[PDB]
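Descriptive analysis of the structure
Residue-level listing of the chains:
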Amino acid sequence: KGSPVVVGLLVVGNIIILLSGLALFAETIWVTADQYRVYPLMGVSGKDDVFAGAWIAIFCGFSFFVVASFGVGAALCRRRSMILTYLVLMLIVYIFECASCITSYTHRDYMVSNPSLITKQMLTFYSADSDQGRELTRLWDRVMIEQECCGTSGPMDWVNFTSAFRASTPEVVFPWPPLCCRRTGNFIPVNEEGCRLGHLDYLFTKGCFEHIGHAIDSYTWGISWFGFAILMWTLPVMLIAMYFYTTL
Amino acid sequence: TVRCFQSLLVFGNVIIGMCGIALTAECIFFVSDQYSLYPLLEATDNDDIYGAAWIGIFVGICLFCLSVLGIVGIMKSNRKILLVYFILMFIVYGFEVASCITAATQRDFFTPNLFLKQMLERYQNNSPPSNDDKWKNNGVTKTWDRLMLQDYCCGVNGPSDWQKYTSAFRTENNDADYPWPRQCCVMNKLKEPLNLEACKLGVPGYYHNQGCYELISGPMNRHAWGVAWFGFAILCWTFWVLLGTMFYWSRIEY
Amino acid sequence: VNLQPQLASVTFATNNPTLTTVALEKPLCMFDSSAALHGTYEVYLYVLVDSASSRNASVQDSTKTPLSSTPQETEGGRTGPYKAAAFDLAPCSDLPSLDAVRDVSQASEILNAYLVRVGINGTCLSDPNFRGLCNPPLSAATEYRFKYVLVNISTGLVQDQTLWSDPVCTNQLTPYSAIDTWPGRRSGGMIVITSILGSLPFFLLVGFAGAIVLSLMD
Amino acid sequence: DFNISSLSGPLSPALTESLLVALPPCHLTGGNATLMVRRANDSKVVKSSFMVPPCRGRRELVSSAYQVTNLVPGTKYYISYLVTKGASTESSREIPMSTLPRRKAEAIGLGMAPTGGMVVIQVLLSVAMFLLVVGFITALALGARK
Ligand SMILES: *[C@@H]1O[C@H](CO)[C@@H](O[C@@H]2O[C@H](CO)[C@@H](O[C@@H]3O[C@H](CO[C@H]4O[C@H](CO)[C@@H](O)[C@H](O)[C@@H]4O)[C@@H](O)[C@H](O[C@H]4O[C@H](CO)[C@@H](O)[C@H](O)[C@@H]4O)[C@@H]3O)[C@H](O)[C@H]2NC(C)=O)[C@H](O)[C@H]1NC(C)=O
Ligand SMILES: *[C@@H]1O[C@H](CO)[C@@H](O[C@@H]2O[C@H](CO)[C@@H](O[C@@H]3O[C@H](CO)[C@@H](O)[C@H](O)[C@@H]3O)[C@H](O)[C@H]2NC(C)=O)[C@H](O)[C@H]1NC(C)=O
Ligand SMILES: *[C@@H]1O[C@H](CO)[C@@H](O[C@@H]2O[C@H](CO)[C@@H](O)[C@H](O)[C@H]2NC(C)=O)[C@H](O)[C@H]1NC(C)=O
Ligand SMILES: *[C@@H]1O[C@H](CO)[C@@H](O[C@@H]2O[C@H](CO)[C@@H](O)[C@H](O)[C@H]2NC(C)=O)[C@H](O)[C@H]1NC(C)=O
Ligand SMILES: *[C@@H]1O[C@H](CO)[C@@H](O)[C@H](O)[C@H]1NC(C)=O
Ligand SMILES: *[C@@H]1O[C@H](CO)[C@@H](O)[C@H](O)[C@H]1NC(C)=O
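Residues numbered from 1 in each chain as written, not as in the entry; some residues may be left out. Chains lettered and ligands numbered in written order. Heavy atoms only, no water.

Applicable threshold: UniProt positions are given in the numbering used here, feature names are shortened, and annotations may be inferred rather than shown by experiment.
This entry's official PDB title is "Porcine uroplakin complex". Heading Subcellular location (unreviewed entry) of the UniProt record for chain B holds this comment: "Membrane".

Per the PDB entry, chain A carries the name Tetraspanin and comes from Sus scrofa. Its UniProt record gives chain A a comment under Sequence similarities (unreviewed entry), which states: "Belongs to the tetraspanin (TM4SF) family." Heading Subcellular location (unreviewed entry) of the UniProt record for chain A holds this comment: "Membrane".

1. A short note on the overall build of chain B
Going by this rule: Secondary structure elements follow DSSP: runs of H or I of four or more residues count as helices, runs of E of two or more count as strands, with numbering from the N terminus. We take the radius of gyration over the C-alpha atoms and set the globule estimate at 2.2 Å times the residue count to the 0.38 power. For the exposure calls, accessible area comes from a 1.4 Å probe over protein chains only, and a residue counts as buried if that area is under 20% of its type's maximum, exposed if over 50%, partly exposed in between. Whether two residues touch is decided by their heavy atoms; if any such pair falls within 4.5 Å, the residues are in contact. With residues, only the protein chains shown are counted as cover, and all accessible areas are computed by Shrake-Rupley using a 1.4 Å probe.
Scanning chain B from N- to C-terminus turns up nine helices and zero strands. If you list the helices and strands of chain B from N to C, you get α-α-α-α-α-α-α-α-α. Relative to a compact globule of 254 residues, whose C-alpha radius of gyration would be 18 Å, chain B shows 26 Å and is clearly more extended. Relative to its 254 residues, chain B shows a buried fraction of 52%. For chain B, long-range pairs separated by at least 24 residues make up 72% of all intrachain contacts whose partners lie at least 6 apart in sequence. Accessible surface for chain B amounts to roughly 11,100 Å². Of this, 64% is attributable to carbon and sulfur atoms.

2. Re the site of ligand 2
Residue and element names in this part refer to chain D. Which entries qualify depends on this criterion: Being near a molecule or strand, for a residue, comes down to having at least one heavy atom within 4 Å of it. N or O atoms closer than or at 3.5 Å make up a polar contact, with two conditions inside protein: a donor-capable atom paired with an acceptor-capable one, and, for residues adjacent in sequence, both atoms drawn from side chains. Amino acids are sorted into nonpolar (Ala, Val, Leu, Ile, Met, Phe, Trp, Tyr, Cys and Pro), charged (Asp, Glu, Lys and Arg) and polar (every other residue, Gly among them).
Around ligand 2 lies a shell formed by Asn-32, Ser-49, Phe-50 and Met-51. Contact distances for ligand 2 include 3.4 Å between a nitrogen atom and a side-chain N or O atom of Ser-49. Computed on the free molecule, ligand 2 has an accessible area of 720 Å², of which 20% lies beneath the protein chains in the complex. Among the elements that line the shell around ligand 2, the one with the most residues is strand 3 (residues 45-51), at three residues. Classifying every residue of the shell around ligand 2 by side-chain character gives two nonpolar, two polar and no charged.

3. Here's the deal with the interface of chain B and chain C
Let me state the cut-off plainly: Accessible-area loss on putting two parts together, using a 1.4 Å probe and summing over both, is the definition of buried area adopted here. Salt bridge criterion: a side-chain nitrogen from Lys or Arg within 4 Å of a carboxyl oxygen from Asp or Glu.
Every contact between the two is made by 56 residues of chain B and, on the other side, 53 residues of chain C. Together chain B and chain C conceal approximately 4,800 Å² of surface at their shared face, both sides included; 68% is due to carbon and sulfur atoms. Summed over the shared surface of chain B and chain C, the result is two salt bridges. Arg117(C) is the salt-bridge partner of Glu197(B), the closest N and O atoms lying 2.7 Å from each other. Counting every contact that joins chain B to chain C gives 17 residue pairs in polar contact. Mapped onto the side of chain B that touches chain C, the elements with two or more residues apiece are helix 4 (79-106), helix 5 (114-122), helix 8 (196-201) and helix 9 (213-250) of chain B. In terms of residue count, helix 9 of chain B provides more of the side of chain B that touches chain C than any other element does, 11 residues in total. Across the side of chain B that touches chain C, the residue classes break down as 34 nonpolar, 11 polar and 11 charged.

4. Description of the pattern of salt bridges
Summed over all chains, the structure comprises 19 salt bridges over all chains. The residue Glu94(D) makes a salt bridge to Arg38(D) at a minimum N-O spacing of 2.8 Å. Given a relative accessible area of 41%, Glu94(D) falls into the partly exposed group. Salt bridges sharing partners connect three or more residues here, namely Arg37(A), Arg142(A) and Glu146(A).

5. Considerations on the nonpolar core
Cut-off, in case you're wondering: By nonpolar core we mean a set of buried residues, namely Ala, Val, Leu, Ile, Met, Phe, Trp, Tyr and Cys, connected to one another through side-chain atoms within 4.5 Å.
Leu41(A), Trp140(A), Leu35(D) and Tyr81(D) are the most contacted members of the largest nonpolar core, which has 57 residues in total. A total of five residues in this core trace back to one element, the largest contributor, which is helix 10 (residues 209-247) of chain A. Those residues in contact with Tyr81(D) that sit more than four places away from it in its chain are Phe2(D), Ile4(D), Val21(D), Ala22(D), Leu23(D), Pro24(D), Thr34(D), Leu35(D), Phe50(D), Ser91(D) and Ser92(D). Of all hydrophobic cores here, the second largest spans 44 residues; its members include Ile49(B), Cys185(B), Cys212(B) and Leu111(C).

6. Looking at the UniProt feature "transmembrane region" (unreviewed entry) in chain B
All names here are of chain B. The feature "transmembrane region" (unreviewed entry), as annotated in UniProt, sits at residues 6-31, 51-75, 82-104 and 227-249 in this numbering. The distance from the first to the last C-alpha atom of residues 51-75 is 36 Å, and the span holds 100% helix and 0% strand. Annotated as 100% helix and 0% strand, the span residues 82-104 places its first and last C-alpha atoms 32 Å apart.

7. Digging into the state of the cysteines
Note the cut-off: The criterion for a disulfide is a pair of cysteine sulfur atoms lying within 2.5 Å.
What the rule picks out here adds up to nine disulfides over all chains. A sulfur-sulfur separation of 2.0 Å characterises the disulfide bridge that pairs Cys154(B) with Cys184(B). Here the disulfide of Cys154(B) and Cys184(B) is right-handed, its torsion about the S-S bond being about 85°. In this pair, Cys154(B) is assigned in the loop between helix 6 (131-150) and helix 7 (168-172) and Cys184(B) in the loop between helix 7 and helix 8, connecting sequence segments 30 residues apart. Side by side, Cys154(B) and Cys184(B) carry an identical accessibility label, which is buried. In this model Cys29(C) forms its disulfide with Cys92(C); the gap between the sulfur atoms is 2.0 Å. Sign of the S-S torsion, about 85° for the bond between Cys29(C) and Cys92(C), identifies this disulfide as right-handed. Here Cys92(C) lies in the loop between strand 3 (82-88) and helix 1 (107-114) and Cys29(C) lies in the loop between strand 1 (22-25) and strand 2 (42-49), a separation of 63 residues in the sequence. The class for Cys29(C) is partly exposed, based on a relative accessible area of 26%. Disulfide partners in chain B, listed by the sequence order of the bonded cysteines, are 1-6, 2-3, 4-5.

8. Thoughts on the site of ligand 5
Residue and element names in this part refer to chain B. All residues adjacent to ligand 5 are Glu-121, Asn-125, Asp-133, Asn-137 and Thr-171. Contact between ligand 5 and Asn-125: an oxygen atom at 2.3 Å from a side-chain N or O atom of the residue. Here ligand 5 loses 66% of its free accessible area of 360 Å² to cover by the protein chains. Tallied by class, the residues present in the shell around ligand 5 amount to no nonpolar, three polar and two charged.

9. Thoughts on the pairing of strand 3 of chain D
Residue and element names in this part refer to chain D. Quick reminder of the rule: Whether two strands pair comes down to DSSP finding at least two bridges between them.
With seven bridges connecting them, strand 2 (residues 32-39) and strand 3 associate as antiparallel partners. Across the sheet, residue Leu-35 finds its bridge partner in strand 3, namely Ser-48. Between strand 2 and strand 3, which pair antiparallel and follow one another directly, the connecting turn spans five residues.

10. Brief notes about the UniProt feature "transmembrane region" (unreviewed entry) in chain A
Residues and elements named next belong to chain A. Those places that UniProt annotates as "transmembrane region" (unreviewed entry) correspond, in this numbering, to residues 3-30, 50-76, 83-105 and 223-245. From the first C-alpha to the last, residues 50-76 spans 39 Å; its make-up is 100% helix and 0% strand. Along residues 83-105 one finds 100% helix and 0% strand; the C-alpha atoms at either end are 33 Å apart.

This is the structure in structure tokens:
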């Protein structure tokens with residue numbers, strides 16, 4: 001007739017799933033809010049997942065809340081057919097959240113195992129006349145002077161590779177974006193030769209890929225590992241739930 | 001029949017819940033500080049649109065749970081359940097009444113005057129008296145430079161304003177070289193001028209030549225009508241099911 | 001003769017008379033309607049300010065050679081007029097198209113053909129070796145008057161001249177605390193929201209109480 | 001008959017195309033200098049000449065290096081001086097320098113290098129999917145009998 005010692009296990013286990021499901025619902029919405037404006041940066045290369053993980057997960061997290069509240073109810077009520085409907089709702093949310101975990105992680109390394117997969121976009125689209133050239137140059141010229149950096153390898157990407165910039169900008173005048181110079185509060189350059197020749201202090205010398213990588217990495221693990229953490233609690237609760245369904 | 005009554009009740013409750021979620025979503029949309037706008041509003045403790053929205057998040061979750069509570073109660077036909085339900089919703093009703101009114105009270109002050117004060121006072125300052133005065137004098141200056149340098153407007157009415165009033169910028173910078181912000185000339189892609197003498201004179205289309213009030217007001221104006229009227233509609237939906245539910249409750253045999 | 005200088009045309013100079021500066025039209029055709037163009041020529045601008053003794057403003061010496069007066073020795077143009085700028089005589093047919101000044105190539109030379117600017121050079125009072133015609137920032141709240149004069153460079157006499165301008169006023173400042181940051185107005189929505197959402201609670205209370213009473217009855 | 005210095009302290013002097021050179025010593029100042037540059041593979045010398053500037057000590061920024069360009073990418077160039085002050089003369093021995101090559105943005109082969117995070121997640125979760133599916137199947141199998 002099923003021990004109270006196992007009833008309590010389903011109660012605590014559902015309560016833990018409930019809370020971590022609500023927290024995952026909150027976190028995954030916080031990914032989709034795009035705290036760093038990287039939704040433009042993915043979409044030029046396409047086949048996206050880092051946000052698709054979150055857009056799967058928001059509903060999966062709220063799913064975990066609702067089936068788990070019901071699950072606490074079913075455990076106290078000890079009704080055979082209610083425990084069946086605990087299994088046969090949870091295990092679908094489970095499969096969707098697996099996809100959220102896998103999708104969110106898999107794209108991460110497909111683009112931030114090395115910076116060059118992102119660098120290709122900057123060399124193509126920076127200040128470039130085509131439609132997405134303007135769109136993504138709004139992302140970049142904001143990142144640049146919001147955070148003081150000239151590129152992923154600072155004032156050298158712009159000579160380490162071919163980019164749209166060369167073809168409009170003969171390098172003898174600017175070997176790097178003019179927005180790489182530090183600008184006064186009047187927005188004027190601090191010295192001309194001091195940026196056209198470039199001492200290491202008037203230039204924004206930092207590597208921009210830190211912000212881009214740390215954004216992508218942080219959004220990812222929030223989906224991916226919190227997902228696995230819910231799921232690793234769901235297995236033992238769902239296994240105990242098999243034993244409940246087969247004892248009652 | 002009574003059954004029909006129950007049906008009506010449950011349907012209104014369902015609507016209450018879906019409003020809780022859609023309110024939660026709307027709140028998150030504005031609480032996002034979406035193009036910032038913290039910097040123009042933390043400048044005056046002009047934050048009740050956001051404060052209302054935060055209130056909107058937790059009442060939004062609260063209303064969802066209370067709704068299902070209600071259905072559960074109605075169905076279960078339990079006096080105490082209904083009672084508690086009543087109490088809780090009453091509380092939540094108060095908090096969203098508060099959010100509604102606080103957003104609604106705030107927005108009338110968003111004006112071509114208010115944003116012209118903060119711009120004349122707090123831009124390019126370099127002599128603030130105190131730390132949180134310097135912390136406000138940064139964020140205002142940054143926000144005016146985002147709007148002027150990418151969204152191509154200048155001043156609140158226009159490139160008039162800097163040339164008719166005293167300002168923080170003005171005491172730092174003499175007009176003969178800085179007749180209004182350098183952020184207001186049209187620069188070419190080298191991020192230096194089309195021609196500066198023509199931007200000094202105001203020859204039309206060498207400079208950002210429109211006010212920004214529309215950019216500043218437009219989002220704030222949506223946030224305003226947004227939370228407040230949606231809360232009011234919920235506070236009506238809840239009011240008539242509260243009366244009905246109460247009625248039913250009262251008609252419970254002991 | 002109404003040989004009067006002018007504030008530069010307000011069609012395309014939207015901010016012109018700033019707190020310390022004014023742009024003026026140049027003397028286009030002005031000295032040359034009776035065909036004066038017969039050799040090299042230059043023009044001086046003098047600036048002056050209203051005061052009772054200023055009717056002694058003899059912009060030339062008695063022997064017809066111009067005053068060598070400057071912003072220092074005139075105290076900003078009070079104790080006499082001062083030689084605020086110079087340029088060469090434009091031969092009238094050049095007629096800058098104010099419409100076409102959007103050709104970024106030509107823009108600066110069109111402005112340099114069309115006008116002169118007074119107030120421009122904040123530095124020039126300081127440097128002890130800038131032995132040039134200093135065009136300093138003009139003082140706020142001052143009505144100025146302006147006068148172009150023609151000089152016959154081959155013999156060194158003023159040839160003839162304009163009349164002083166009608167008074168040109170700088171921009172002048174409201175102190176920024178004067179901007180009443182109240183609206184006076186009320187929206188529409190505030191008043192409905194405050195009045196209805198204040199009303200609603202009372203009714204709920206009433207109803208609740210009534211519920212109580214009903215349940216106590218039965 | 002000096003040796004050129006190397007201003008690699010304040011800046012980055014190597015580049016695609018243009019490079020930076022130290023001015024001649026203050027012994028020479030007001031003198032007439034010719035810089036000479038030579039692409040290593042060839043006899044191909046190029047002359048550019050200027051007066052030796054007044055010694056502004058260490059006051060920062062002007063062309064205070066000389067700048068040299070049309071130094072086409074990947075090329076090793078030697079750099080050298082001949083200078084004069086009166087009928088007296090001055091010199092230095094060559095020094096070699098090398099300019100970066102060009103690289104294609106479309107020649108970015110995807111540097112795709114998987115972390116163990118991905119692969120640990122995939123294995124762990126595919127195992128968990130398997131275990132739950134199997135479990136669910138076996139649970140309902142047993143319950144079918146009761
Ligand atoms: C606003 O007010 C400022 C400051 O009051 C004025 O700026 C100064 O203008 C004077 C004009 O006389 C500049 O004078 C210098 O004169 C030198 C003359 O030296 C010999 O060499 C020249 C050839 O160059 C011979 O023809 C001459 O006979 C002498 O034998 C020039 O050599 C100087 O040129 C150098 O300095 C300038 C300024 O840095 C550079 O642009 C040149 O490329 C060159 O390096 C110069 O002409 C004086 O230097 C200016 N000072 C400043 C601070 O700018 C403005 O004229 C005034 N503007 C307006 C519109 O009112
Ligand atoms: C430094 O002083 C020397 C010596 O005057 C300058 O070098 C060269 O001097 C010769 C003779 O005075 C000049 O020769 C003539 O050159 C023309 C071309 O400019 C050529 O067609 C004639 O056949 C004749 O050879 C020459 O102009 C001059 N310049 C060069 C580059 O040869 C030198 O220019 C001075 N450098 C500086 C920095 O002033
Ligand atoms: C990308 O840029 C870096 C510098 O940001 C280049 O680094 C070179 O490194 C070697 C060895 O340390 C030095 O001899 C060179 O002087 C460096 N270059 C410069 C400009 O100083 C690096 O070569 C570039 N890589 C690619 C693949 O282009
Ligand atoms: C400036 O005025 C003088 C004086 O009238 C003009 O020069 C004289 O012209 C007469 C008549 O042709 C000649 O007899 C004299 O020899 C001239 N003087 C000299 C010193 O040559 C002069 O033409 C006028 N110049 C301008 C630019 O108007
Ligand atoms: C800077 O702003 C403060 C108020 O925020 C004001 O008191 C001060 O006068 C301003 N600075 C200048 C230079 O006027
Ligand atoms: C050049 O540098 C070397 C090595 O430091 C030094 O021995 C020599 O005296 C210097 N001068 C000359 C003329 O070679």
